[PDB]
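Here is the structure we will look at, set down as structure tokens.
There are 2 protein chains.
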Amino acid sequence: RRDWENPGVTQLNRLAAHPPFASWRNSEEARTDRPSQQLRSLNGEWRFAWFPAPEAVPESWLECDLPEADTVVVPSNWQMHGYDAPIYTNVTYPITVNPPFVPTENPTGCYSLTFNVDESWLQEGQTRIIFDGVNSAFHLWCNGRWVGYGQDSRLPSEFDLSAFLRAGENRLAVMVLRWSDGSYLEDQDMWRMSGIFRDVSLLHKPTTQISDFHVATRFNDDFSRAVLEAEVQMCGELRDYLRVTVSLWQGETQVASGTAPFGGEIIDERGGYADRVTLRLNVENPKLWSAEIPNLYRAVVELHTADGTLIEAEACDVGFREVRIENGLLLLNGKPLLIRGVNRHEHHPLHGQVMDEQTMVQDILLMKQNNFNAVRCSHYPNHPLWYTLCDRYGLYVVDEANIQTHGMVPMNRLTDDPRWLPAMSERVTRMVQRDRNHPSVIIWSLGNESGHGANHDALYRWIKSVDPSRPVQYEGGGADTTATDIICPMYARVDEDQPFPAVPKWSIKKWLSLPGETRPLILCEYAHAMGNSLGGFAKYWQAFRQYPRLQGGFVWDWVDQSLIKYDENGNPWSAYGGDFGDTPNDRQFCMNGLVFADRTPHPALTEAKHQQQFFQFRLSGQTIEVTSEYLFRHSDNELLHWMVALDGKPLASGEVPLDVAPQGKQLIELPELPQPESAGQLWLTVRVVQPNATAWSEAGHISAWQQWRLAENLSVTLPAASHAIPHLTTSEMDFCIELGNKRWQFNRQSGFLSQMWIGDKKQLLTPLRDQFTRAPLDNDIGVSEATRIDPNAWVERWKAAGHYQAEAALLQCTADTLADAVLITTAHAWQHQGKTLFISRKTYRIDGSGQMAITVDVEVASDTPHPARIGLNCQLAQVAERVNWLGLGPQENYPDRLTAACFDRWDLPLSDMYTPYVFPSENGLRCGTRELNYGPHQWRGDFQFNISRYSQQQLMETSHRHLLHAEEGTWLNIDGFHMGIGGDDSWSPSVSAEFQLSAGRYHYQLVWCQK
Amino acid sequence: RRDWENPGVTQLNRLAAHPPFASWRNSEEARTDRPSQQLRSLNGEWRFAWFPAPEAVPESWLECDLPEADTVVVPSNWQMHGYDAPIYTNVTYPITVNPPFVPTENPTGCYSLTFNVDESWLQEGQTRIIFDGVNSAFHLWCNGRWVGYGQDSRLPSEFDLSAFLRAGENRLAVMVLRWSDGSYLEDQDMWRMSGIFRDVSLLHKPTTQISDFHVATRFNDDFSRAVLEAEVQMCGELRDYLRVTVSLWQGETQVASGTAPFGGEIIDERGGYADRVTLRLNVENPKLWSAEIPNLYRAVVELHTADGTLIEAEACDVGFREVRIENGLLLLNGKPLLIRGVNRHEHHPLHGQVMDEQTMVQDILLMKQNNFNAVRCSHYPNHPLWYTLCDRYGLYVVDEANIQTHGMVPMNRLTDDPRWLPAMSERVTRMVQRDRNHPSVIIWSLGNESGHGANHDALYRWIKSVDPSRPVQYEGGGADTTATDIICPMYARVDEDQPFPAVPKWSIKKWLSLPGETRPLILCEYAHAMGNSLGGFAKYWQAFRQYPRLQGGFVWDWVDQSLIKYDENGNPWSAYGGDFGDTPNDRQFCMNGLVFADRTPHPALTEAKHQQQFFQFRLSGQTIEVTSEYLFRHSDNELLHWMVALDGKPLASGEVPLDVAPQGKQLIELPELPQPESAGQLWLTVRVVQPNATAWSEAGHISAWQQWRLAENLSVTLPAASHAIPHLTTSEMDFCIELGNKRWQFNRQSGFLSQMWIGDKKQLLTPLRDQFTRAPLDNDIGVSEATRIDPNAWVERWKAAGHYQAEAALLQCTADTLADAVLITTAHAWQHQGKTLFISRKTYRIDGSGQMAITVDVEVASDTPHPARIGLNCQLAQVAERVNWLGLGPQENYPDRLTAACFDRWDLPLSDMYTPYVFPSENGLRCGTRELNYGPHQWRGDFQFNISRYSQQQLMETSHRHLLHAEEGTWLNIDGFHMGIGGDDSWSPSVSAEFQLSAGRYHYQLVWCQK
Ligand SMILES: [Mg+2]
Ligand SMILES: [Mg+2]
Ligand SMILES: [Mg+2]
Ligand SMILES: [Mg+2]
Ligand code: NA
Ligand code: NA
Ligand code: NA
Ligand code: NA
Ligand code: NA
Ligand code: NA
Ligand code: NA
Ligand code: NA
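Here you go:
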């Protein structure tokens, strides 16, 4: 029959979808969410054999274990055990595009298990097997007898095994296909993996059973009264003595209870549902659920007889919350949401797409600790535990149907085809049937990047009909179609229009006010966090705060999709697409996360945390205004610490308790600050600290911060006249300057400081030279490759103009003796094929104090692409343990991503001054720096710098971070000016005009001396 | 696999649905709609073997013909050849209700055909088979090899046979199943038949082919400009030299043309459809399509090369029209429709559910001739030729999906179940894909009586998305749900509310103005035409005309669903449900047609014609005002004939051409009419006559009529005093009156006129007695049965009150002699077990002129159910050929169904005074009669009458019309008063209060004399 090549067959003998069941036979166990004896896990050691096609599977495998088979752990993806390569591709399909057919060579995973069943399970009731996730399709046998078939990798497939099992030993056989017609709806850009990758379980239900239940909560106008409505469905024989009781619990306190026999209200001419009942419980002053305060109740559904004998019980966590769009605003409990969201794929660097509790909790804690309140299930229903954890920890969830057809041409080719409506309907309907009782799910999504087809309109309406409690969104076909309640674009910019034909990405501010438009706007994807990125992140949040109908968005994305590989020595290294031998591939485009695969933060995470802060600050005189952005909670775990420092030297500090109502304001008057005697700039830093630990954070957690410049006292005092006078020694090749045992050598051929000496010790391994380039970031490169060059990309514009190739031509090199100093004057021109790109004019002034004052004035040809940087570089002989600077830090920061960084005195190990981006680039920059200290050296001015053991050349020429080698000495890059990093997306230039180096003429000055 | 018990499997290897194809290889043949050699009919003689189950089918049938098999005509229903019994059932399922399972005893029809295929068909291109209608499911084999599977009895199933066929002799094997999971969606109230009941064909297409095309017509504000947009899709290899030309023709004149290569506009980020193109043709002053003037163009779609070589051509008829709902009104071409509709099942008394052109054309002609402009496809897509004929003759069509689940408890059990959404979607989507190019289709329907479920809402939105040119309607779940653009109730009454729980049927006038309601109301079913019915029909049309938003409805229904059976002598008779040995059955509830199965009209059809007239009339003095109800056409085939008569005697007549604009008025001034010499009532009759023949009518066709009373001259002149004096003779048992040769005998024990003589000739066979009962109409009975009594039904109320058993008790019987007359005075009481139901007081006055004046005064007990009639009856000895009367006629007419009848002198054969309803009842009544003549007898007064060879007793006791026997003499029923017939529905009392005999006291008077 080849059911895996037929979209008319998505399942065979599969049971109906339903909310999580456990079939408790004790009500109290249901109430407390204790493990149920009737729900058994079949996870663990299974038998597995790989085959090139389903035709290669020997008939004997159905009857008994194959000797060639291995013992593997389930759940698992079989690629993670090295049976075949995990394929990765971005836009194009991993297979030949000819629907509904798949390749004849279809990797087949043969799973089997020998397991025990209690006789009590078979003497009464129903025994079913539950596969929470099988990728992408499977056939099931039990004791040699065929049971059924299933598709959709991301939802549970359940089969009745009551007629198949025997008491004692039984054997399952599961034939898993890598490719099916299901694969055409599963084109998410990620590692293409297969197998039994989610839990396998056995569930025993009584013959007379709860088959479905739906929980709704309606509210009065001010949410002081609620009605919990619970619809319960049954299967089996209806009897007059049957009853349903629904009880509601707040912790250990029962708040309400209701009992009724079966028999629903009349709904049409033929009567009503005899096999259903709806219970209604009044709740006075309900404790409302939100991400801020995840108040939960417990609902217990008891199926029983009139005399009080329990048949079975089911239960769920209930969150009293209302989600509605009104007057163009998404409201939760009557209040407008501001979505601090992120997209999160299910990814583990070691276990692939297998999810576990520890990884999930780790993600949620890190998200909430970094001021995220929302998550998008990109792009499929998640492991069932995810929702439980989001209910309890408090996160807003967008639950998304497992439908992506991004490789189709055009994108809507399947989704506009009525012949694919059945298969698509199943992916939407079975998701809703499973997850509808979770309070954390506030929005349904119809899938991702599948264009806009009629099937979307149909399924949009289906959800609106069955579940009016949640808005429906969908981005395909231009982000504002008739299939979405929310304008939900991907990578629409703040101020800049991108007017693509048919599917424009308008400025988000402009999009809101288009003729006739009234809906809220929440970006389903924004701020592409690929490599050194999140440039311009602050621009989004300023817009979100200013515009009521701009209600936030979901960052792309949470975690790098890298996998661990082992070299010749067996050492682990982070691998991306193309490293597993898969071709065609899309290189490092799978790594766009705010955290590394091991959940170590990227520098961008702190920028996200700062901008997503829940308290806003203003300073007027001595008064600090604190405004709460919380909608529900008072600031009952918040203390404001303030500190005033003169150039990093602390002068005054204090702490004030925060007492701010939701949306409220608190004024804090600072005490009289003493005027410092010394020159310099006073800086005020405030931080919000959480004194008490929570479910999601430790005691002392910092949740918010802000800085201001206070009084500045400019230095007017002249330094004391120096006793020593520097001497100029002139040879043919060199201008030399001597001061005691110190020496500065300027090569007259090159026109650069070629060496410095302190006694017999040399300071430089490479001369001090101008630098106008950086090792290209992911955003500089875009989609440009060696075989497919994108001439628009920043790196290619730099390469074509000769920026990386330009040679310094000496125009001038003179030396003059002043009264108290030696003045070296130089001029250079960087040319490429007759074209002067840059001109650098310098003076070097060395006086008796041992200070070298360097003045730099650069010309940049108006018609050359704006340079990545304007600065100097050298390789220092010194290798020191610590780096000490007065400037923005402590973390890496760039001009369009420095809001999170604070001005202060910072001291870090040299290793912290390098960011280990998997794909090496310009990294570790610190801006707004007024003083830098490294070993004996001190640099003073107003500059940007990075400092590491890796040259810009090595970073540029090395593909992976694990292939990098520490060079001799220390490479220093000191920039007068540095270009923004961008990141609005990673496939087109995204650096905003104000962060491009376009002024034409630039000036900076430095002082180099010994500390 | 048992695919016929799986709602997830509705087809295997079935090709996509599409508009009618013929694959012409000649453009002129496509333009002219001539037969195509590439479309071959496989209709004719096939081989057939019946089996009790699919398991009972021998494996040799796949390869070789069975000797036990018979030769049958295809298309056919196998129940019509007597293989098994055609089951009839209304609300209940004919099978055990256990979805998706069907009975193990599942009658299986094995069809096979051996046929020739020419090598040329297989050498190149694609050969497909098309089964237009197979009931209910089937597997297909070709030359022993399995091809595919299909469900949905009412749409074509198509399969590619290109790889299966061989040059020369080929054999098809079709295993048809009576029951499948498809049956759960096919629970229409009709005969349950099966087999290959629509056409079978072979279609040859090239490999590079037109695979789909859609035609839209859009207009400017005043319909003076139009754009025809034609989307053309292809299959096969795309080449740059490929072209599509769409040409539009008005007869033999090409009005527009457009040519383009393949490649549609960009629709998303992935581009557009390379295999599609859209052509736009401008049309100035288009001739518009309507039911009034069915103007058609021909669109020809040519697939060709750039150098001019035709590959293939497809085509369709195009009607330029716009259907939209605006401000609560359904509009066609800017004008509000008034739907004069009827429901039409596909039924033939000899061929069952097999349809032919002759029958279809016969139905359409009769419909249009009786002023119908609309048809509802109750309850499934029709034979493809139906739409062609409606396009060409001009009828508005509601195309309805083959979805009915009336037997489900509750009615929406399947339609609210997402697991049934795939199967339901196919029934909707494949209908739209087939029929979307037909201009006659103006409204889509989601099916019938399937409650309201979320699946309806999903499919409603699907249609709205893919085809915004047509409104969507659906009655289920209360007629006004979110799945309907039109309030479309079944059997909602005009003034009377029926407030059923959950699904009330409001008064249609009330329904429109319910809080928040804005939609149009068109009844999907109304005026149930079961037996002697359509009482109160005029009430609907008065309402339709008065209320803008009441836009008509569809009568239930067109044709009686009786079948032909034969007796011992081979004489045919009409059989209903239960006559074919099927049980449980719903008796004569299959016969609700306006015409008999052979298309002979019921009397009700003339009432429909008159009420649905397109011209309205008013009279003011001498002025006749004629108002056109046409929306588009001038009255360019209409002449007004007027006649003035005095008690049936013509005094003046004339004719005036009608020249009335649509919606316009014409005033016609009648000439000076001379005052008559005689006493009596002048009557004016007008009729609209069509002088010219049309496509749908003959010359002289009468389309409209109306009558008014003019001047009346009351008779004041005393008749010449009669010389003869009647004489009274008294015995103990009789009062006898003598006048020359004439004798009247009144029995003194009974109190009735027992005999009359003229010479030796006796006039009566049964005495003249009061009658208060009628042989019960289908409406009087409702759903009441002998085993299941409905005590609310009129017949049961009458029975329980003793009306049929009432025995006359004599209270008074006297004889008086007047100067010139004999006076007989009588009084009777009708009592049932001590209770007096009626009292009748009479006088009989016989004077010297031979005239017997009868005065009747009746008392009806206020607490007895209102009587069916208040009259007299007798069995006359005479059998005469003709019946002549001055009153309403010529056809049968009742108090609530007499608007179509005209007051004139009528003369018919006796047999025309009996209406042969298949289920015998009171019939043949004529109302408002002032004079009746039969043989030697004349009756004068103001009465209702019927006259036949059948007593009320025989009509009541005889089940079928073919079992009736002419009794001796002639049964005369003369009523002072007669109850209404009702018919708003036929399962509850429907006789309106104004037509019930509730006055308590009644008076009428008759004169009986010799003519
Ligand atoms: Mg399949
Ligand atoms: Mg700041
Ligand atoms: Mg089926
Ligand atoms: Mg009239
Ligand atoms: Na906002
Ligand atoms: Na990605
Ligand atoms: Na606090
Ligand atoms: Na690199
Ligand atoms: Na109307
Ligand atoms: Na019927
Ligand atoms: Na005329
Ligand atoms: Na009868």
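Here the protein sequences line up with chains C and B, keeping their order. Using the deposited numbering, the first residue of the first sequence is number 13, and each one after it goes up by one. Using the deposited numbering, the first residue of the second sequence is number 13, and each one after it goes up by one. In this text, a Cβ means the ideal position worked out from N, Cα and C, and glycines have one as well.
What separation, rounded to the nearest whole angstrom, lies between the Cα atoms of residue i and residue j?
i, j, result
"C/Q510", "C/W999", "13 Å"
"B/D469", "B/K476", "11 Å"
"C/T271", "C/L173", "32 Å"
"B/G712", "B/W523", "41 Å"
"C/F150", "C/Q23", "9 Å"
Which residue's Cα is closest to the Cα of residue i: the options?
i, options, result
"C/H391", "C/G459, C/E334, C/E934 and C/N385", "C/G459"
"B/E243", "B/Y253, B/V421, B/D233 and B/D224", "B/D224"
"C/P779", "C/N791, C/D792, C/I141 and C/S762", "C/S762"
"B/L350", "B/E241, B/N896 and B/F566", "B/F566"
Leaving out five residues on either side along the sequence, give the residues of the same chain with a beta carbon under 6 Å from the beta carbon of residue i.
i, result
"B/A413", "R439, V440, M443, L458 and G459"
"C/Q757", "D746, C748, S766 and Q767"
"C/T496", "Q485 and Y486"
"residue 12 of chain C", "This structure leaves residue 12 of chain C out entirely; chain C is present only between 13 and 1023."
Determine whether the Cβ of residue i lies closer than 8 Å to any Cβ atom of chain C.
i, result
"B/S477", "yes"
"B/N424", "yes"
"B/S437", "yes"
"B/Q23", "yes"
"B/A179", "no"
By Cβ distance, which residues of its chain are closer than 7 Å to residue i, with the 5 residues on each side in sequence left out?
i, result
"B/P788", "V807, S933 and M968"
"C/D211", "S53, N55, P87 and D144"
First and last residue of the alpha helix (DSSP H) that includes residue i?
i, result
"B/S132", "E131 to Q135"
"C/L975", "Unbroken run through C/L975: none, as it is neither H nor E."
"B/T400", "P396 to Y405"
"C/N467", "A466 to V478"
Any C-beta of chain B sitting closer than 8 Å to the C-beta of residue i?
i, result
"C/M246", "no"
Where do the ends of the beta strand (DSSP E) carrying residue i lie?
i, result
"B/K517", "Taken as a continuous stretch (DSSP letters only), B/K517 belongs to no beta strand (DSSP E), as it is neither H nor E."
For residue i, I'd like the list of residues in its chain whose CB is within less than 8 Å of its CB, leaving aside the five on either flank, ordered along the chain.
i, result
"B/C939", "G899, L900, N905, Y906, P907, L910, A913, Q956 and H990"
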